[PDB]
$ cat my_file-v6.cif   # mmCIF, C-alpha atoms
data_input
#
loop_
_atom_site.label_atom_id
_atom_site.label_comp_id
_atom_site.auth_asym_id
_atom_site.auth_seq_id
_atom_site.Cartn_x
_atom_site.Cartn_y
_atom_site.Cartn_z
CA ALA B 1 117.47 68.93 279.07
CA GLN B 2 121.13 69.77 279.63
CA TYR B 3 120.90 72.91 277.49
CA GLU B 4 117.61 74.80 277.98
CA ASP B 5 116.20 77.94 276.45
CA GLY B 6 116.26 80.56 279.18
CA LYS B 7 119.27 79.14 281.07
CA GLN B 8 122.54 78.83 279.08
CA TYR B 9 121.03 80.77 276.21
CA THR B 10 117.96 82.72 275.21
CA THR B 11 116.02 82.80 271.99
CA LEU B 12 115.43 86.09 270.18
CA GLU B 13 111.70 86.45 269.67
CA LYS B 14 112.67 88.48 266.61
CA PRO B 15 115.21 86.28 264.70
CA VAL B 16 117.64 88.16 262.45
CA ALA B 17 117.77 86.92 258.86
CA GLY B 18 121.18 86.60 257.19
CA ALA B 19 123.05 87.20 260.44
CA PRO B 20 126.64 85.93 260.79
CA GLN B 21 126.95 82.36 262.11
CA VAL B 22 128.82 83.30 265.28
CA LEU B 23 128.74 86.99 266.17
CA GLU B 24 130.52 88.50 269.15
CA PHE B 25 130.17 92.11 270.32
CA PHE B 26 132.53 94.05 272.59
CA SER B 27 133.86 97.44 273.55
CA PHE B 28 137.43 98.31 274.48
CA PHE B 29 135.83 100.27 277.37
CA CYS B 30 133.97 97.22 278.65
CA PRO B 31 135.55 95.70 281.79
CA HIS B 32 133.96 92.26 281.38
CA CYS B 33 135.14 92.35 277.73
CA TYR B 34 138.72 92.83 278.90
CA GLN B 35 138.25 89.70 281.04
CA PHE B 36 136.63 87.80 278.17
CA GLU B 37 139.40 88.59 275.80
CA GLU B 38 142.53 89.13 277.84
CA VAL B 39 142.04 86.64 280.69
CA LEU B 40 139.44 84.03 279.60
CA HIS B 41 140.24 84.11 275.85
CA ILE B 42 136.62 83.39 275.00
CA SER B 43 136.82 84.15 271.27
CA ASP B 44 139.79 81.84 270.88
CA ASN B 45 138.34 78.88 272.77
CA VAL B 46 135.03 79.22 270.96
CA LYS B 47 136.65 79.26 267.49
CA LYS B 48 138.64 76.15 268.39
CA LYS B 49 135.39 74.28 269.08
CA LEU B 50 133.32 75.55 266.16
CA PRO B 51 132.25 72.91 263.58
CA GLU B 52 133.99 73.16 260.20
CA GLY B 53 132.44 75.68 257.83
CA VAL B 54 131.39 77.98 260.67
CA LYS B 55 133.11 81.40 260.59
CA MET B 56 133.48 83.81 263.51
CA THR B 57 132.76 87.56 263.45
CA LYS B 58 133.62 90.11 266.13
CA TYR B 59 132.33 93.69 266.17
CA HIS B 60 132.90 96.79 268.30
CA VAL B 61 130.04 98.94 269.66
CA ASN B 62 129.39 102.65 270.05
CA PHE B 63 127.32 102.80 273.20
CA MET B 64 130.26 102.94 275.63
CA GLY B 65 132.85 105.67 275.99
CA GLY B 66 131.25 108.47 274.01
CA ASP B 67 133.28 110.04 271.25
CA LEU B 68 136.33 107.85 271.90
CA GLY B 69 134.02 104.81 271.84
CA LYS B 70 132.97 105.63 268.25
CA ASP B 71 136.58 106.28 267.28
CA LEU B 72 137.35 102.79 268.52
CA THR B 73 134.54 101.34 266.37
CA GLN B 74 136.14 103.03 263.36
CA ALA B 75 139.59 101.82 264.48
CA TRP B 76 138.26 98.29 264.78
CA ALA B 77 136.93 98.66 261.21
CA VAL B 78 140.51 99.61 260.18
CA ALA B 79 141.78 96.55 262.08
CA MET B 80 139.35 94.32 260.18
CA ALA B 81 140.12 95.92 256.82
CA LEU B 82 143.87 95.51 257.29
CA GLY B 83 143.55 92.10 258.96
CA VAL B 84 145.54 93.09 262.02
CA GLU B 85 143.04 92.29 264.78
CA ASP B 86 145.51 89.93 266.44
CA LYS B 87 148.16 92.64 266.66
CA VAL B 88 146.09 95.51 268.03
CA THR B 89 143.50 93.89 270.35
CA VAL B 90 145.82 93.56 273.35
CA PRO B 91 147.36 97.06 273.17
CA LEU B 92 143.97 98.69 272.57
CA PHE B 93 142.50 96.92 275.63
CA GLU B 94 145.53 97.71 277.79
CA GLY B 95 145.71 101.27 276.47
CA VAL B 96 142.10 102.00 277.42
CA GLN B 97 141.82 100.00 280.66
CA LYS B 98 145.25 99.21 282.03
CA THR B 99 147.60 102.11 281.34
CA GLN B 100 144.83 104.54 280.38
CA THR B 101 147.07 106.04 277.72
CA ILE B 102 144.37 106.10 275.01
CA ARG B 103 142.50 109.41 275.24
CA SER B 104 142.26 110.50 271.62
CA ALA B 105 142.04 109.29 268.06
CA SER B 106 145.76 110.06 267.78
CA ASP B 107 146.53 107.75 270.72
CA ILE B 108 144.57 104.99 268.99
CA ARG B 109 146.63 105.59 265.88
CA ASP B 110 149.85 105.33 267.93
CA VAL B 111 148.85 101.76 268.88
CA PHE B 112 148.70 100.72 265.21
CA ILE B 113 152.01 102.51 264.43
CA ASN B 114 153.73 100.75 267.32
CA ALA B 115 152.23 97.49 266.03
CA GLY B 116 153.97 98.02 262.68
CA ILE B 117 151.16 99.38 260.54
CA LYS B 118 152.58 102.27 258.49
CA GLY B 119 151.14 105.72 259.16
CA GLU B 120 150.18 106.29 255.55
CA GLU B 121 148.52 102.87 255.45
CA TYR B 122 146.57 103.46 258.64
CA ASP B 123 145.51 106.95 257.54
CA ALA B 124 144.43 105.75 254.10
CA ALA B 125 142.34 103.01 255.71
CA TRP B 126 140.88 105.33 258.35
CA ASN B 127 139.53 107.66 255.66
CA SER B 128 138.46 104.92 253.25
CA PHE B 129 134.92 104.14 252.15
CA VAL B 130 135.64 100.42 252.61
CA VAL B 131 136.18 101.22 256.29
CA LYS B 132 132.98 103.38 256.29
CA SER B 133 131.00 100.36 255.04
CA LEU B 134 132.65 98.23 257.72
CA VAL B 135 131.55 100.77 260.37
CA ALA B 136 128.06 100.53 258.88
CA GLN B 137 128.08 96.73 259.10
CA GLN B 138 129.08 96.91 262.78
CA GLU B 139 126.31 99.37 263.57
CA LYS B 140 123.68 97.40 261.63
CA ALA B 141 124.48 94.11 263.34
CA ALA B 142 124.11 95.65 266.80
CA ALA B 143 120.90 97.36 265.71
CA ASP B 144 119.50 94.08 264.34
CA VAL B 145 119.55 92.57 267.88
CA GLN B 146 118.65 95.76 269.78
CA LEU B 147 122.06 95.51 271.50
CA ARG B 148 122.42 97.20 274.93
CA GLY B 149 125.22 95.42 276.64
CA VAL B 150 128.52 93.81 276.09
CA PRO B 151 130.06 91.34 276.00
CA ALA B 152 127.49 89.45 273.92
CA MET B 153 127.47 86.51 271.56
CA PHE B 154 124.83 85.46 269.07
CA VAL B 155 124.55 82.28 267.03
CA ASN B 156 122.80 82.32 263.63
CA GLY B 157 120.90 85.47 264.53
CA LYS B 158 118.64 83.20 266.53
CA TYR B 159 120.24 82.50 269.90
CA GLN B 160 122.04 84.62 272.49
CA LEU B 161 124.55 83.27 274.98
CA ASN B 162 123.63 83.57 278.65
CA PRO B 163 126.85 83.23 280.72
CA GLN B 164 125.20 84.40 283.97
CA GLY B 165 123.71 80.94 284.26
CA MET B 166 127.21 79.45 284.79
CA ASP B 167 129.76 78.51 287.49
CA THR B 168 132.72 80.91 287.42
CA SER B 169 134.65 79.36 290.36
CA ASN B 170 137.09 77.85 287.87
CA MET B 171 137.91 80.04 284.86
CA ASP B 172 138.99 77.12 282.60
CA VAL B 173 135.76 75.24 283.24
CA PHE B 174 133.63 78.30 282.59
CA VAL B 175 135.37 78.97 279.27
CA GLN B 176 134.90 75.41 278.05
CA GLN B 177 131.25 75.39 279.10
CA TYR B 178 130.80 78.61 277.13
CA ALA B 179 132.56 77.13 274.09
CA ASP B 180 130.72 73.77 274.26
CA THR B 181 127.46 75.78 274.44
CA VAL B 182 128.31 77.77 271.31
CA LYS B 183 129.13 74.47 269.56
CA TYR B 184 125.79 73.00 270.67
CA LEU B 185 123.93 76.10 269.44
CA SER B 186 125.83 75.99 266.15
CA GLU B 187 124.63 72.44 265.49
CA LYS B 188 121.02 73.27 266.35
#
$ encode --input "my_file-v6.cif" --output "C-alpha cells"
Amino acid sequence: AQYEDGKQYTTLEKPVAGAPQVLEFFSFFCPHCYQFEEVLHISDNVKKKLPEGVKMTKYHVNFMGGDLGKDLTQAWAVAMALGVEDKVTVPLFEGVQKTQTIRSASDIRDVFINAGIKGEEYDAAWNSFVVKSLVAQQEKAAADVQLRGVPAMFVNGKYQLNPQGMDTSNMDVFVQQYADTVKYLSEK
C-alpha cells in the first residue's frame, strides 16, 4: 500500500481511549520542534488539511530543559487558557533557542507582557486552578502514550506519525506529505 503501518506511521499496541483527534507534542527547548513550527509550519499545514469536525490539540512537555522546561509547560497552559498561543509561540521559541534570553519564569512572563497580555491577567492565570488542570491534562496525555521524544503527533490515540520515513530534500514536499498522512490517518 501507499501508506503502511511501520513506515509513515506506527500503531500503538496500547491504544489510548478518549484521546484527542489530532494531538501534537513539543518543547520550546526542542530543536526539531523549532524547525517544525518556525520553519516548516507543520501544525498549520496539518490543520488546513484536516477533515471538517476534526479539532487540533498541541501540548508542551516536561522532559526537556529541567525546571525551566516545566515552567514552560505551565506557561503554555496559560497560553491555552488565555487563547494567545498564536501571539507567544514565536517569541517563546526565539527566546529559548535564538536569542537565549529566556532563563527564568520572569523572562517567560516578559514574553507575554511584550505580547500585550496584562501583568495582572498573566499572573492571575499563572496561579489559577484552571491552569493547574490544564497542566494536568498536558501531563496525562504524554503519560498515556509513554512519550519520550518530541516533536510527536498522534491521531485518535491510535496512530503515531513517523516522519523519519520521508524525503526532506524539499521542505514544502515534506510538509505536504506529513499533512496528507495526517489526513489519511484521520479518515481511517
$ closest_residue --input "my_file-v6.cif" --among "B:181, B:27, B:62, B:164" --to "residue B:136" --atoms "only C-alpha atoms"
B:62
$ resolve_selection --input "my_file-v6.cif" --expression "the PyMOL selection byres ((chain B and resi 11) around 8)" --output "number ranges by chain"
B: 5-6, 9-10, 12-13, 158-160
$ atom_distance --input "my_file-v6.cif" --atom1 "atom CA of residue B:140" --atom2 "atom CA of residue B:15"
14.3 Å
$ resolve_selection --input "my_file-v6.cif" --expression "the PyMOL selection byres ((chain B and resi 111-113) around 9)" --output "list in words"
residues 79, 84, 87, 88, 91, 92, 95, 102, 106, 107, 108, 109, 110, 114, 115, 116, 117, 118, 119 and 122 of chain B
$ atom_distance --input "my_file-v6.cif" --atom1 "atom CA of residue B:50" --atom2 "atom CA of residue B:151"
18.9 Å
